[PDB]
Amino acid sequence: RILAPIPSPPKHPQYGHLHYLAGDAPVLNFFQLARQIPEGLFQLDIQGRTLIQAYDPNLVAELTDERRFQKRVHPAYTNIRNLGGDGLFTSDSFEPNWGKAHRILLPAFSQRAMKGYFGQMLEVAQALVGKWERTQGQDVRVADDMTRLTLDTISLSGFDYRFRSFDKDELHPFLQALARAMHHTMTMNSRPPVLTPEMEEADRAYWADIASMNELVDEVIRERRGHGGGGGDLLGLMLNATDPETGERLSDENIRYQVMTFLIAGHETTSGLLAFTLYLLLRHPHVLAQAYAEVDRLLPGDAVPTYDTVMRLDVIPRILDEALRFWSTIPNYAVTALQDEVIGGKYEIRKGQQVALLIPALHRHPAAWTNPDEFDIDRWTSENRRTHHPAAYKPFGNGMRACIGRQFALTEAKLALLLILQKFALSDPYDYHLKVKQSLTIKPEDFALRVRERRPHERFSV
């Protein structure tokens, strides 16, 4: 009926709105704007397109209705698809392989499946601890070692391959190719129309990198299809399992795509979560005290945890829940309007228009979070968790297109933190000033800490 124009900031005489896209992490510019605009959504003019940002909890509830808005590859995930293919992260819902992979892989990513992966997560976590034992007093490169942790973990659980990233500084070539390709993929989302001589060659090396990755994974696949067909890992499951709906197995191409997808979607989200958590614990040390108490309660001496240990945790899970409220590592994923829509009874969203969920602004909206800028893990007890706004906490996405890796991620992080705090006294020698970098994910950059073995008399409990 009587529509309202989506609010829009006044615009700059030289830059228009493009200055909001500048810097190491433009989602933070969007967050400051959101704090100026109480209507809960705003509009920017980016060269040709319209950019819309949404953070009001009720509006986001509307944008979360998969009858009205859905994730679409349409254009925003097109470059990342260069290496994701029609894997789960980079395929449209209507493509048959999405449904197939989804229904095949969900049981493999459920909570009751996590025990099957524990020994693998633990193998990698112990290697991290080993490195930190070996280098006490020297600078720990937190982001870097967390990326090692998560790459090795997802690689071992995904396709039983051990990159041994803590034995050496230099990463395995497969992972260097992954890193290069990921960086270049984000570069393609911008840059100018006419390509200079350096850029053409960079595209050639990019497609070459991708080929080298496809080759390694393909080789593992063929070469598992001869003898065998399943050694517990996710690949072994994708080799046998059929879709209970169509009766079909996944193609070999699509299996490789899923393996690539696990790596794309799993390492910098999870390593980001872990780095941000160590940052937050350094900045809220009473919380860190409570976590040390939990660790000493459950793992006295040099006791090695089981999956049961992880599931008996309380403080550390709630720490992670609140860290994801402050610093959710995919912070600006978007939905697309299926039809012309009207949200808030006021605001028109045309068919095909993207609306980004401004996760930091949503995760901190005063209408949904009391004292939103306060780090408080008691928000996440069973009792208080029940009273949250149902659309104001979306760190693992939404609906059918939600994170399938959530339980893997949270298990991995719980365990890493448990072992780290079991062994190490954390220390901040440089007064780390938080510097956030945005690519596919957000992440603390140039974050160094120091660790020292906890001595026996320094543990709690008797």
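So that there is no doubt, residue numbering starts at 1 and follows the sequence shown.
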- Query: Would 73-81 or 268-276 have the larger average of its C-alpha temperature factors, as given in the entry?
  - Reply: 73-81
- Note on the structure: The stretch carrying the higher mean Cα B factor in the deposited entry, 425-433 or 29-37, is 29-37
- Task: Check the PDB entry and point out which of 247, 344, 317, 331 has the largest C-alpha temperature factor.
- Result: 247
- Of the residues 243, 321, 152, 294, the one whose Cα carries the largest B-factor in the deposited record is 243
- Query: Once the chain's modelled residues are ordered by C-alpha B factor and cut into thirds, is residue 60 in the lowest, middle or highest one?
  - Reply: lowest
- Task: Looking at the entry's B-factor column for C-alpha atoms only, identify whether residue 206 ranks in the lowest, middle or highest third of its chain.
- Result: highest
- Query: What third of the chain, by the recorded C-alpha B-factor, contains residue 162?
  - Reply: middle
- Query: residue 397: which third of its chain by C-alpha temperature factor?
  - Reply: lowest
- Would you mind ranking residue 450 by its C-alpha B-factor against the rest of the chain and naming the third, lowest, middle or highest? lowest
